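Let's start with one chain on its own, the form deposited in one PDB entry, as structure tokens.
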């Protein structure tokens, strides 16, 4: 329960394996530790694999079954769907650039446009947190000039979630695909 500042990405990962050694999750502590790591591009260049047309998901660590740690790479103008997180914890730390996070409420059964609840700009080294009881969100690199890179921790791991149609609130199931694993391209 003694949180030290992660010196490196590797150190961070080791501290995370400690924090998730058990069955439950201290959210505020995981968030603090993630925010405390100072992004060092050299340490994660291996995982920062971009695609021209959409954002990529790059597996960094499998957290001995308790979590998935991954790096997402967002080209200029790349963004996600409005999505949930499959009853898991979601931590999002910026390693490079900025991302816009837009919050949505869970839709009612009636077909209505999903109106934004709020939005915020996540900046380098900032760490955000979301879960399904908080709501839904969309994440976007709105920059025309700067690629964005983020570090995501999901616990428990999941490889499916829902995307929501902003016009209706209708949801469809989506399967998450890894662009790379441990620095190896996995087409």
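Residue numbers count along the first chain shown, from 1.
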Averaging the C-alpha temperature factors as deposited, the higher value of 139 to 147 versus 154 to 162 falls on 154 to 162
With B-factors read from the PDB entry, the higher C-alpha mean of 9 to 17 and 173 to 181 is in 173 to 181
Reading the B-factor column for Cα atoms of 71, 82, 92, 115, the highest value belongs to 115
Max C-alpha B-factor within the set 56, 121, 26, 40 falls on 121
Of the three thirds of the chain ranked by Cα temperature factor, residue 96 occupies the lowest
Assert third(CA B-factor, residue 64) within chain per record equals highest
By the entry's values, the third containing the CA B factor of residue 52 is the middle
Assert third(CA B-factor, residue 126) within chain per record equals highest
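Form solved in complex with a small molecule: not shown, discussed below.
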Per contact check vs the small molecule in the entry with it bound (non-hydrogen atom within 4.5 angstroms), the hit among 22 to 30, 59 to 67, 147 to 155, 39 to 47 is 147 to 155
Check: Heavy atom to heavy atom, is residue 90 within 4.5 Å of the small molecule in the entry with it bound?
Finding: yes
(request) Tell me, yes or no, whether residue 95 is in contact with the small molecule in the entry with it bound, where a contact means a heavy atom of each within 4.5 Å. (result) no
Query raised in the report: Would residue 72 count as touching the small molecule in the entry with it bound under a 4.5 Å heavy atom rule?
Result: yes
Would you check, heavy atoms only and a 4.5 Å threshold, whether residue 176 touches the small molecule in the entry with it bound? yes
